[PDB]
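Presented below is the structure to which this report refers.
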Amino acid sequence: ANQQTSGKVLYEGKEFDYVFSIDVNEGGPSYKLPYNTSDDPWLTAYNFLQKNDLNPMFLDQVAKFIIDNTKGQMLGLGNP
Amino acid sequence: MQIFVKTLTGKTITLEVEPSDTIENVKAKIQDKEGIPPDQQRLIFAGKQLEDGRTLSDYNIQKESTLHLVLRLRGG
């Protein structure tokens, strides 16, 4: 029901569709990558990459997860 | 010591190695258990990738820390 903000992920005071905890560091800034149901892995990853300033090497790591978010290899897997 | 490695899908696996063990041997043990090639296997810790010529004490790895086990995009 579109009444309570339970049908959305409120991270750092921002509502988004899906969020991925980027545990790249222990004991510091808890990076959380926000993804919407209408974006492209490399695009959304790049947006966050330059949002909190992250090294391009992490782009591949985060993109891989977003790619299967709406694919079906290990996350939403099923009938091929 | 044992380290907790987290795969891309969030799979958590514990690897038993020695403090004087190089990351290359650690990768070999993972290639022995799961079978993941040490070449494509990319280990990221604290934002830095673990090199082969490095030991556990090299990166000052904390006992039972979170190691990120991912793959690679560019093959060449």
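Things to note:
- Among the candidates A:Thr5, A:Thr37, the residue that is outside any helix (DSSP H, G or I), surrounded by fewer than 16 Cβ atoms within 10 Å (Cβ to Cβ) and within 11 Å of the chain's Cα centre (by Cα) is uniquely A:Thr37.
- Scoring A:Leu10 on the criteria (1) at the interface with chain B (Cβ under 10 Å from one of its Cβ atoms); (2) exposed (fewer than 12 other Cβ atoms within 10 Å of the Cβ); (3) assigned to a strand (DSSP E or B) leaves a single failure, condition (1).
- Close Cβ contacts (under 6 Å, 6 or more residues apart or on different chains) running from residues in the range B:37-49 that are more than 9 Å from chain A (Cβ to nearest Cβ) and closer than 18 Å to A:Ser30 by Cβ to residues that are part of a strand (DSSP E or B) and of a type in the set (D, E, K, R) are absent.
- For the range B:1-40, the tally of residues that are under 25 Å from B:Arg74 (Cα atoms), assigned to a loop (DSSP other than H, G, I, E, B) and not hydrophobic (A, V, I, L, M, F, W, C) stands at 9.
- Here the condition is being of a type outside the set (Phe, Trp, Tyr) and touching a helix residue (DSSP H, G or I) at 6+ places or on another chain (Cβ under 9 Å); of B:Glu34, B:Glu16, it holds for B:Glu16 alone.
- Search result, residues across the range A:53-80 that are away from chain B (no Cβ under 12 Å) and closer than 14 Å to A:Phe20 by Cβ: A:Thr70
- Number of the exception - B:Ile61 against (1) within 12 Å of another protein chain (Cβ to nearest Cβ); (2) in a strand (DSSP E or B); (3) buried (at least 16 other Cβ atoms within 10 Å of the Cβ): (2)
- Filter result for A:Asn25 (assigned to a loop (DSSP other than H, G, I, E, B), within 17 Å of B:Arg72 (Cα to Cα) and within 14 Å of chain B (Cβ to nearest Cβ)): no
- Remark: B:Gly53 falls outside the filter, which requires a residue to be without any contact (Cβ under 8 Å) to a residue 12 or more places away in the chain and either touching a helix residue (DSSP H, G or I) at 6+ places or on another chain (Cβ under 9 Å) or surrounded by fewer than 17 Cβ atoms within 10 Å (Cβ to Cβ) (or both).
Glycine also receives a Cβ, built like all others from the backbone with ideal geometry; neighbour counts cover every protein chain displayed. Read the figures in this text as sums done on the coordinates, not as results from a lab.
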